[PDB]
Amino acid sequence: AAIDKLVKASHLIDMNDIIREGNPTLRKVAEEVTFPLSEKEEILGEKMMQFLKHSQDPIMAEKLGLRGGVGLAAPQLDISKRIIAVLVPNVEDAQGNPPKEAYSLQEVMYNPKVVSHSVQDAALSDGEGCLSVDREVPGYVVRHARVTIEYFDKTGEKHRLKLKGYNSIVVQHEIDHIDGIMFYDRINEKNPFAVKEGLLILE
């Protein structure tokens, strides 16, 4: 099955493992994982995080032909499970100094969900792109500004976490994938750049 291919020890996830727009798995509601995790589900989560790290690394991205990403959901690898990985980098300063924390968020999350959110909405000013979508899609992807999430880690431990900013946006995006929702679903149908008053536009 797809999972067996992906969890082979020597296998590195690349773009040929990522399904594309139009594949039905992208529109399913992903199934909840049960704890204790199987070996395969644990391995998949590790390989997903590995892909993001690769994707972000100039060398490996180039070796393996990867488009850079900051999150990945199991449904995008044809696996209908509630497993996402997020890897959101902090940026260097103007003098070239690395940030204090390499990442503002770095997590493999099992059964994640949004449990509360702000009334305020937000969108990234540059829009959103997707590894499964090979088309230009303009417009503001309107999300919750702030979210509280719950999720499990690979050991079964429950986390509850409030997010904001870019971190908020990224997790929302991944969560949507495990519910069958695509980013463009949240772009206004008649003017992609419409702004309802109070929308937090993020730079």
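Residue numbers here begin at 1 and follow the sequence given.
**Q** Would 176-184 or 20-28 have the larger average of its C-alpha temperature factors, as given in the entry?
**A** Mean CA B-factor is higher for 20-28.
**Q** Would 156-164 or 53-61 have the larger average of its C-alpha temperature factors, as given in the entry?
**A** Stretch with the higher mean C-alpha B-factor: 53-61.
**Q** Please work out which residue in 96, 75, 71, 89 has the highest C-alpha B-factor recorded for this crystal structure.
**A** Spelled out: the listed residue with the top C-alpha B-factor is 96.
**Q** Classify residue 42 as lowest, middle or highest third according to the C-alpha B-factor given in the PDB entry, relative to its own chain.
**A** Highest third of the chain for residue 42's C-alpha B-factor.
**Q** Relative to the other modelled residues in the chain, which third contains the C-alpha temperature factor of residue 125: lowest, middle or highest?
**A** Tercile = highest for this residue's CA B-factor.
**Q** Report the third (lowest, middle or highest) to which the CA temperature factor of residue 140 belongs, ranking only the modelled residues of the same chain.
**A** CA B-factor rank for residue 140: middle third.
**Q** Using the B-factors in the PDB entry, rank residue 48's C-alpha atom against the chain and give the third, lowest, middle or highest.
**A** It falls in the bottom third of the chain.
**Q** Which third of the chain holds residue 149 when residues are ordered by C-alpha B factor: lowest, middle or highest?
**A** Bottom third by C-alpha B-factor.
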